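Following: one structure in structure tokens, then a few remarks.
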RNA sequence: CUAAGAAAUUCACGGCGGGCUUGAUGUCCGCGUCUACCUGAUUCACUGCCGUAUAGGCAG
């Protein structure tokens with residue numbers, strides 16, 4: 110998204126009671142919907158808007174510049190199978206390679 | 003999924019600028035899915051008219067050159083790029099780092115169908131060769147060998163041998179043809195048993211860590241290197257489901273509005289490069305599709321290997 | 024309503040191989056199969072500051088301090104050997120069939136309309152002018168680029184390879200055929216007929232294009248320079264790098280394709296340059312300016328939507344430009 | 001029906017300033033290499049004569 114709204118990402122990633130606040134707002138807790146809003150309806154719409162950062166927005170779509178690759182079915186068919194970049198998996202592999210190549214134990 | 007009645011040897015094919023980035027995690031030799039898709043495109047274009055089916059591809063990879071460079075002061079490498087054309091305002095466009103590789107591979111194709119009895123073997127071999135000489139294999143143009151010394155036609159060898167010794171001699175001659183290369187095979191069993199070995203070594207270890215351990219050079223203190245059974249490359253092993261299979265007209269800006277689209281994630285497995293004389297039969301090296309479309313899992317593998 | 028397809032992509036027709044560069048002597052061009060290849064070597068340069076100063080470092084003390092620090096680079100250089108005055112540049116060209124057939128198309132109606140538009144183009148005039156200009160750009164060695172600039176004599180031999188033999192051999196004087204005039208010649212018309220039959224066909228037409236340039240003995244040949252990003256690294260790198268395949272200097276295929284596509288003499292700006300490469304929004308990298316802007320009605324996209332959707336068929340020159348883009352290829356389609 | 005489809009890196013450059021690597025040196029004791037083999041398979045398509053002959057025959 111934008112490079113200026115990203116502050117609210119830490120507003121969804123703090124550890125106040127000891128857990129991440131997105132999983133706190135995915136449940137209808139007693140401390141939830143009162144700690145951020147005095148009114149009930151404002152709390153409901155703020156919870157819905159704050160939890161909508163996980164759900165995909167817009168129609169399901171892949172652009173023309175994206176990759177789409179036909180796959181032959183066993184009996185008489187194809188699936189179009191647009192791949193997406195696994196940035197979480199790439200970040201995990203890059204973190205593991207960082208520990209492997211520039212970690213303190215690895216350097217020792 | 004079936005035993006081939008014949009094996010067609012497409013010879014040394016010089017692919018000019020193949021996609022060196024095989025996967026979001028791996029670079030180098032292209033995906034085996036590219037080779038299986040090329041063989042299915044060959045069957046789609048010229049296979050149906052010859053009344054034959056083309057399923058299963060064995061890759062030999064006689065030569066590989068990567069359009070890469072090593073910058074000074076770093077042990078890693080970078081991809082040499084192409085200058086894209088300027089925008090409409092005369093400025094340089096945003097660069098997408100795409101790597102290229104010059105390949106020289108020869109392909110074993112599994113042929114089954116009644117058309118093998120309807121045409122001469124050299125006729126269907128020459129037809130699929132002249133069809134493949136105007137196609138692409140991993141994003142690169144195929145150099146069709148003009149004005150050199152001695153061009154190489156195919157050699158379609160029928161796998162229904164009259165005798166076991168004649169079949170053995172045919173397979174050894176076909177292996178002798180594709181000699182300066184390495185068969186790339188799938189190693190799901192080896193990767194799974196190495197995952198079990200690491201899980202006995204240390205619990206809650208994922209298949210990603212077992213795949214990584216089979217590629218890095220492990221240094222063990224007394239300082240020796242932990243050995244590997246083979247080359248043990250990390251290959252893209254297929255595509256797993258990331259979304260439900262939407263309707264053909266449902267997905268906006270799809271390639272065609274008649275094929276259903278499903279968003280996928282890359283599947284990573286362990287592949288091995290072997291000298292092709294270390295196989296029982298050359299039909300074991302064939303890379304087959306395996307969809308299983310109810311659960312995603314759009315894989316390519318080498319069934320009937322060992 | 025005939026909406027445009029949201030993905031619309033075309034294959035690279037006329038896809039060349041990498042232009043292998045070797046060395047030899049003139050009048051030995053017949054036995055050029057054993058010519059030794061041009062090898063890219065490394066050398067060191069010590070230049071001095073000669074770039075523009077921005078009125079803050081123009082004082083004599085700072086300028087003399089900058090000169091006193093020696094400026095050094097390592098450059099990849101390709102030279103001819105000191106007993107070989109001729110550079111031979113050899114590549115293979117595949118004229119692919121189905122030039123107007125897109126690789127991807129969303130709408131079946133738009134695909135039918137585009138195929139009907141291209142079919143009417145072939146029925147009206149064919150690829151005859153476009154293949155004439157492609158045969159021109161093969162006939163003069165524009166793909167030599169800076170190897171063509173100060174050469175004494177350039178000669179291009181083009182061999183049609185049907186199955187395994189030379190079906191037809193064309194020989195052209197590349198200096199006599201200009202870089203900006205597209206005239207008529209009998210051998211050029213035969214090559215145009217072959218390339219247009221390859222574009223109109225179903226398979227492919229294979230050509231071997233060899234260009235001999237009498238640059239001079241031991242002179243500097245100019246292969247394609249590799250685009251390597253420094254990426255802000257701390258260690259200094261080599262400033263100039265070249266391209267080679269296997270100890271053998273080469274030009275990139277996209278540079279040969281750009282020289283082959285330099286046929287566009289119909290852009291609305293004045294043709295002081297002459298032909299430019301066929302690009303969407305007419306981009307020329309050597310100028311930093313893009314002709315055929317979309318604010319005029321002469322860019323490729325608006326011309327295609329006028330020719331296909333609204334049936335506003337443009338002039339014959341702009342139809343040639345549109346079909347030259349289709350032969351060129353590219354990835355199109357609005358979101 | 002192929003992480004598909006697409007692409008100009010590039011223009012110019014002074015690396016030379018200068019230099020003692022030296023001395024000194026034990027490689028040395030010891031050794032069973034045997035046995036058994038048809039180059040020859042038409043392996044010399046060779047020499048001369050009649051005939052203008054390259055066409056065709058003859059002699060030992």
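Residue numbers (the deposited numbering), protein chains in the order written: chain A, 110 to 217; chain B, 3 to 224, 239 to 322; chain I, 24 to 358.
Each residue gets a CB set at the ideal place from its N, CA and C atoms; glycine is no exception.
| Item | Value |
| --- | --- |
| Minimum Cβ-Cβ distance from residue 206 of chain A to chain I less than 8 Å | no |
| Cβ pair residue 54 of chain I, residue 88 of chain B closer than 8 Å | no |
| Residue 224 of chain B classed as buried or exposed, judged by whether at least 16 other C-beta atoms fall within 10 angstroms | exposed |
| Any chain A beta carbon closer than 8 Å to residue 356 of chain I | yes |
| Secondary structure of residue 309 of chain B, DSSP reduced to three states | helix |
| Euclidean distance between Cα positions of residue 197 of chain A and residue 203 of chain A | 10 Å |
| 8 Å contact criterion, which residue 115 of chain I and residue 59 of chain I should meet: CB distance rounded | Not a contact, Cβ separation roughly 20 Å. |
| Local Cβ density within 10 Å of residue 111 of chain A, reported as buried at 16 or more and exposed below that | exposed |
| Closer than 7 Å: residue 319 of chain I CB and nearest the ligand PLP heavy atom | As far as ligands go, the structure on display features none, and thus does not contain the ligand PLP. |
| Spatial distance of residue 49 of chain I from residue 49 of chain B (CA atoms) | 48 Å |
| With 16 other Cβ atoms within 10 Å as the buried cut-off, status of residue 215 of chain A | exposed |
| Near-chain I residues of the region 163-192 of chain A (beta-carbon distance less than 7 Å), N- to C-terminal order | 172, 173, 174 |
| Closer than 8 Å to chain B by CB, residue 211 of chain A | no |
| Meets three-Cβ-pair contact criterion under 8 Å: the region 344-355 of chain I and the region 279-287 of chain I | yes |
| Buried versus exposed call for residue 75 of chain I [16 or more other C-beta atoms within 10 Å across all chains shown] | exposed |
| Chain A contacts from the region 77-104 of chain B (Cβ-Cβ distance under 8 Å) | none |
| Distance, residue 54 of chain B Cα to residue 159 of chain B Cα | 14 Å |
| Residue 184 of chain I - containing alpha helix (DSSP H), residue span | That residue, residue 184 of chain I, is in no alpha helix (DSSP H); its beta strand (DSSP E) goes 177-184. |
| Given 8 Å, three or more beta-carbon pairs between the region 97-105 of chain B and the region 25-43 of chain B | yes |
| Per DSSP, the bridge partner or partners of residue 256 of chain B | B:281 |
| Separation of residue 199 of chain I from residue 163 of chain I, as counted between CA atoms | 8 Å |
| Span separating the alpha-carbon of residue 250 of chain B from that of residue 204 of chain B | 22 Å |
| Beta strand (DSSP E) runs wholly inside the region 54-111 of chain B, at least 3 long, in chain order | 55-61, 65-68 |
| Other residues of its chain near residue 18 of chain B: CB distance less than 7 Å, five sequence neighbours each side excluded | 104, 142, 143, 145 |
| CB contact below 8 Å: residue 143 of chain B versus chain A | no |
| Check whether residue 267 of chain I and residue 63 of chain I have beta carbons under 8 Å apart | yes |
| Contacts of residue 119 of chain I in chain B (Cβ-Cβ under 9 Å) | 136 |
| Min CB distance residue 26 of chain I to chain A below 8 Å | no |
| At least 3 beta-carbon pairs within less than 8 Å: the region 161-176 of chain B vs the region 75-90 of chain B | no |
| Reference residue 337 of chain I; option with closest CA among I:353, I:246, I:176, I:320 | I:320 |
| Residues that DSSP places opposite residue 188 of chain A in a beta bridge | A:180 |
| Residue interval of the alpha helix (DSSP H) (run including residue 109 of chain I) | Per DSSP, residue 109 of chain I belongs to no alpha helix (DSSP H); it is in the beta strand (DSSP E), 109-119. |
| Amino acids of chain A, ordered along the chain, whose beta-carbon sits closer than 8 Å to that of residue 22 of chain I | Since the first residue of chain I shown is 24 and the last is 358, residue 22 of chain I is not available in this structure. |
| Residue from I:291, I:123, I:118, I:323 with nearest C-alpha to residue 301 of chain I | I:323 |
| Start and end residues, beta strand (DSSP E) containing residue 275 of chain I | Neither: residue 275 of chain I is in no beta strand (DSSP E) and is coded neither H nor E. |
| Interface residues of the region 279-303 of chain B facing chain A [CB-CB below 8 Å] | 279, 280, 281, 282 |
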